[PDB]
Every structure is written in structure tokens, then in C-alpha cells.
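For reference, the chain that follows is the form deposited in one PDB entry, supplied as C-alpha cells.
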């Protein structure tokens, strides 16, 4: 059978918590009043939810209303409990209220308003300094939720809101987040295909907070190399092939051997044989202004097959890549 694995940090935080902290199924939802909110304009959407900017008429303040589709609505108690537990933490979106539509019985989560800068403009115009600055802000949110015994499990640009004028960042969409319990085998059908870690792709269920660090590494590689997404897999099997074409197959087989992971019968025919590529292969005239030896060393320490070898969020914050960032 597969070799078990534990996180190397924050391993027992949930064991020392009262059951109410992590037993989200026992949580009783105190529903607020939907009539407190006037929906003004659509901000965005997804396969799980529709997002609107609204006014809370009881205080005349702007809020964000996230209407959950049935898929997201099914695990709403987990999302609520995680949001309530992390509320007040650094760069964590603040849940303000929980409402239910009496006509469709659909629930909605109400959040603090973020004056988001257009996502395309941010991807296109962020400077070398800004990338480092915002990466450090994400690491604050990740180290906080990991220290609180939660993995986000869906880290990507679409789940980060930036108010570029106020240099304010919020990690959002906690719908796929889970409590980390050592030895627990989780569902690998988490995150988004481009950001899925090798543990998910090889069906290694005993994963941990380190999955978020792989996804962070995918975000970073896309940003600095100007390649959206960095690992462009057609499906979950091809996703591992795209990763193997960069990290190489030798370190992949060393990874599976270490954890005694069993792959699909055609593994040799699908994966083939690939050398580990030098990061400089991805450096071109249009991206050289975002690349440095520090950025490459940092990326190298996030994008590792072995989930246990990746930098933790707190180690990542000590990296020389952030020495230029004003703290």
C-alpha cells in the first residue's frame, strides 16, 4: 500500500482544538436577512457561484454578495465554518453575513467589499517589485490558514482579489478548503487543473498544506514567465505529462517510489522519458524584466514533486526573493 505522509508543520493544531472548531457538520447556521441587501452590479462569476457588488441598507455600506449554485451550496457549512475560523486573519476575506433566498431557497455569502483592480490589467502590468510584494501578501494568508489547520486547496489568480491603489490583497473562495487532520485521506478532485499538484494527479490522498505551495509555484511561474497557464494540460493525465516535460521523469519516479504510489497501467507510454529543464529555457526578451536568480531559486523550491520537500509558507517568507520588499 502507499506510504503514509504527515505535514512537517502544524501537524496537530486541530487535535488541540475543541471539536466545534473542525466539526463543521454540527455547526448551526444563523441566517441573516436578505432584504438588508440591494444588488447593484455584477462583479464576476463561476461554475460554483455568481458575484454581485451590493449595498447593505442597514449601514449604507458596500458589500460583495456571492450566490452559491447547488454544487457549492451542498458543502456550505464547511465554507462558513472555515470563513468564521479565519475571520480577522491577515489578508483573509471577511464574511459579513449568511442569507437565503426564500423564493429559490438558494443561499448566499456576504463579504466585506474589495475595490478590485481589473484582473487582466494586473496580470499585464504588475512590475517585478509588485509580483514580490503581492506574493508576500499571499504567503501571509497561506501561513495564517495553515497555522489554523486549514488548506485552501484552490489557490490561483481567480481566488485572489487585489485593490492595487491601496496595495490590499484578499485570498477568497474558501469553498474547496478543508481541515487538515494527519493521516486523513482526502479527495484528490480539488483545485483547478493547471494548479493541481502531482500528489493529486497520481491519486495520493494523504496530502496536506504543501498542496497550496505547489499551486502558488504554478501562479508564480505563469506570472514571471508570461505563460498562462505554465503547465497547460489537456486533462488530469496530460497535466502530469506537462509537469514531467519540465521537472523531468527521474524525479517523478523517485517521488512515486518514495511513497510506493501505483500509477495507471500505461504510465511508461503516457509519461515517456523527459530530462529536467533548466529554468533559463523559459527566459525570453518579453519576460527577462521579471526573472532573477532569486525568483528562479524560490520557484525551484515550490515546484518539487515531493510535497514534503517544498518550502512551507513561513519558510517561503524568509526567502531572498523578498529581501527587496518593504516590510
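In this text, rigid core is short for the largest set of C-alphas that superpose within 1.5 Å between two forms. Residue numbers count along the first chain shown, from 1.
Quick note: we don't show the form deposited in another entry, though the next part is all about it.
Of the candidates 72, 148, 110, 221, the Cα that moves 2 angstroms or more after core superposition between the shown form and the other one belongs to 72 alone. With the core superposed, residue 50 shows a C-alpha displacement of at least 2 Å between the shown form and the other one. For residue 269, a C-alpha deviation of 2 angstroms or more is recorded between the shown form and the other one after rigid-core alignment. Comparing the forms between the shown form and the other one on their rigid core, the Cα displacement of residue 289 stays under 2 Å. Whereas the shown form places them at one spacing, the Cα atoms of residue 72 and residue 140 lie at least 3 Å farther apart in the other form. The distance between the CA atoms of residue 235 and residue 72 is at least 3 Å longer in the other form than in the form shown here.
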